[PDB]
């Protein structure tokens, strides 16, 4: 069923909450035993959001290999993503260790450091060229190289140096700064524009490690980003683009991390974004 007609049908009947609860009921349940070990309590932002054991990213250290992060591997679309929580005061060094070890080119951030008057993640990158950051627990240095501030997003060039080997790499930081404190955006136009800027940079392409994408919990806005990207790519690749079923793609992604898409409003917004984005994919 053409999703655009499926959309109007759900909208006229006002059944978004019913559709969304069906997804919650059919979603995979896999163990997350490592996340729940007592030694990892201060490595998790939210008690009810954990990576599955089978898909979690492991840090390359013998001490404690745990970070709240998951590998989402989409086989037909030939795309992979790492979805993670916003870093905590005690995990900023782990976060940049993962970026280094997984050979990522880009980091995608979909929240502000403060929202609703509360801290949603640590200030984990430097704000001035001449004030670099050193992460002593993981032996990394991070420097701000340049910043481009636009109306709806900011893009930063960063240098990450492995102090053990003195290798350096350029990392691109894509920061969507205008998602509202409550609800979802009224139009998907600026979110889609942002997605295309990330694509254009090479950060989603197979010559690099998987992009790292996060919000506060790494499941809601973060799930909207990867769901929209994968659905648009499948519509490009298949003979019949109307065969792409966004609910089935979301359930496939939920095999790799729990809770992706947090509200019925986020589900509707994902539909809207794919419908409007396709009016470029096809050829317009």
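Structure method, as recorded: X-ray crystallography, 1.5 Å.
Backbone N, Cα and C define each Cβ position, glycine as well.
Annotation source Swiss-Prot lists N-acetylmethionine at 1, citing experimental evidence. Residues or ranges marked as phosphotyrosine in Swiss-Prot: 20, 66. Feature annotation from Swiss-Prot assigns phosphoserine to 50, 242, 243. Feature annotation from Swiss-Prot assigns substrate binding site to 181, 215, 216, 217, 218, 219, 220, 221, 262. The feature S-nitrosocysteine is assigned by Swiss-Prot to 215. Residues or ranges marked as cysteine sulfenic acid (-SOH) by Swiss-Prot on the basis of experimental evidence: 215. Taken from Swiss-Prot, the feature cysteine sulfinic acid (-SO2H) applies to 215. Residues or ranges marked as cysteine persulfide by Swiss-Prot: 215. Summarising the annotation, Swiss-Prot assigns active site, phosphocysteine intermediate to 215.
If you take the C-beta of residue 220 (substrate binding site) and look for same-chain residues 6 or more apart in sequence within under 8 angstroms, you find 259, 260, 261, 262, 263, 266. Put simply, of the recorded positions 1, 66, 181, 242, the one whose Cα is nearest the Cα of residue 215 (S-nitrosocysteine) is 181. A 10 Å cutoff on Cβ-Cβ distances gives residue 20 (phosphotyrosine) a total of 20 other Cβ atoms nearby, all chains included. Using a 10 Å radius centred on the Cβ of residue 243 (phosphoserine) and all shown protein chains, the other Cβ atoms total 11. Ranking the binding-site residues 181, 216, 218 by the distance of their Cα atoms from the Cα of residue 20 (phosphotyrosine) places 218 first.
Considering only the binding-site residues 181, 216, 218, the residue whose Cα is spatially closest to the Cα of residue 1 (N-acetylmethionine) is 218.
Taking every pair among 181, 215, 216, 217, 218, 219, 220, 221, 262, the residues recorded as binding substrate, the greatest CA to CA distance is 16 Å.
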